[PDB]
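This document starts with one chain, in the form deposited in one PDB entry, laid out as structure tokens.
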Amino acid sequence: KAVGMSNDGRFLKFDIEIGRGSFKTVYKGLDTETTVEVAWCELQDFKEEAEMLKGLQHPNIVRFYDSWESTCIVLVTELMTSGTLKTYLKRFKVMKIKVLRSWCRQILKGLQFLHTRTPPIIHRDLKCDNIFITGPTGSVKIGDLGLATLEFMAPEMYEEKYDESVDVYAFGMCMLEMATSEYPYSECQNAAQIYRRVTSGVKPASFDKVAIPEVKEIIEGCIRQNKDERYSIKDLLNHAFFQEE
């Protein structure tokens, strides 16, 4: 049952796996202050990040509680219990527009909150499989916050630059995915071809299978090659699609 705890007494680790992975293993934990079940994640072997993340909360971000090197790296986060958008697109095969609008707006608010922190937090790895649902009739939360420090990649990331608009580019592809139920650039196979398509400004083929013209418009301006022409999240949130309902 209970096998470990954080340095102060706050978080208790249970010997019951709730998730595995090639780098990250997740256990039932308990926040003994509030009696709330949390995710105790151990990574296989972060200063300034933990700092930002520990004191962060927002309705569209998975709570980050704490992190420390155990003597593996431990991350304690909110426990999400309803799967991700990616599993949601498998379950229901499509996403209808009232939901697409609402959830995409929420992703954008969560991103905007990250970018407006001082210093800005750049997610750098947003995809449908790390956006988590609160419930079937509920809202979304952006997860895997602490993990980008160890396709949805804006072209400039290949020359190891990145800036806020790299999240906009990945949001674009997320929305594209949510509006198509398929992995963008799946007409490609390897990374090298996606690299060539992207850095010559050649869009995913799936772009042409977006039924709502306004949504197609939005995806288009998120995924521009030059980043200074990409929509700001301010621009995006003022588009008719998001201002309508």
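Heads up: residue numbers just count along the shown sequence, starting at 1.
Unmodelled residues of the deposited sequence between residue 118 and residue 119: none, 1 to 3, 4 to 9, or 10 or more? Count of unmodelled residues in between: none.
Missing residues between residue 94 and residue 95 in the deposited sequence, please: none, 1 to 3, 4 to 9, or 10 or more. According to the record, the chain runs unbroken from residue 94 to residue 95.
Which has the higher mean CA temperature factor in the PDB entry, 6-14 or 20-28? Per the deposited B-factors, the answer is 20-28.
Comparing 160-168 with 73-81, which has the greater mean CA B-factor as deposited? Per the deposited B-factors, the answer is 160-168.
Largest Cα B-factor, entry values, listed residues 49, 33, 177, 217: Each of 49, 33, 177, 217 was compared by C-alpha B-factor; the highest is 49.
Splitting the chain's C-alpha B-factors into thirds, which one does residue 62 fall into? Residue 62: CA B-factor falls in the lowest third of its chain.
Using the B-factor values recorded in the entry, state whether the Cα atom of residue 38 falls in the lowest, middle or highest third among the modelled residues of its chain. Tercile = lowest for this residue's CA B-factor.
Split the chain's modelled residues into thirds by Cα B-factor; is residue 139 in the lowest, middle or highest one? Its C-alpha B-factor, which the entry lists for residue 139, ranks in the lowest third among residues of this chain.
Within-chain third of residue 89 by Cα B-factor, per the entry: Middle third of the chain for residue 89's C-alpha B-factor.
Which third, lowest, middle or highest, does the C-alpha temperature factor of residue 153 belong to within its own chain? Middle third, going by the recorded CA B-factors of the chain.
This next part talks about the form deposited with a small molecule bound, which is not shown.
With the partner left out of view, is residue 165 within 4.5 angstroms of the small molecule in the entry with it bound by any non-hydrogen atom? The answer is no: residue 165 has no heavy atom within 4.5 Å of the small molecule.
Does the 4.5 Å heavy atom contact test between residue 215 and the small molecule in the entry with it bound come out positive? Residue-level check for residue 215: no, no contact with the small molecule.
Residue 127 within 4.5 Å of the small molecule in the entry with it bound, heavy atoms: Residue-level check for residue 127: yes, a contact with the small molecule.
Contact of residue 112 with the small molecule in the entry with it bound (heavy atom, 4.5 Å): Outside the cut-off, so no.
104-112, 165-173, 89-97, 76-84: which one contacts the small molecule in the entry with it bound at 4.5 Å, heavy atom to heavy atom? Result of the contact check: 76-84.
Of 30, 26, 188, 210, the one that lies within 4.5 Å of the small molecule in the entry with it bound (heavy atoms): Checked against the cut-off, the match is 26.
Between the small molecule and 152, 178 and 232, in the entry with it bound, does every residue show a non-hydrogen atom at 4.5 Å or closer? Answer is no for this spot.
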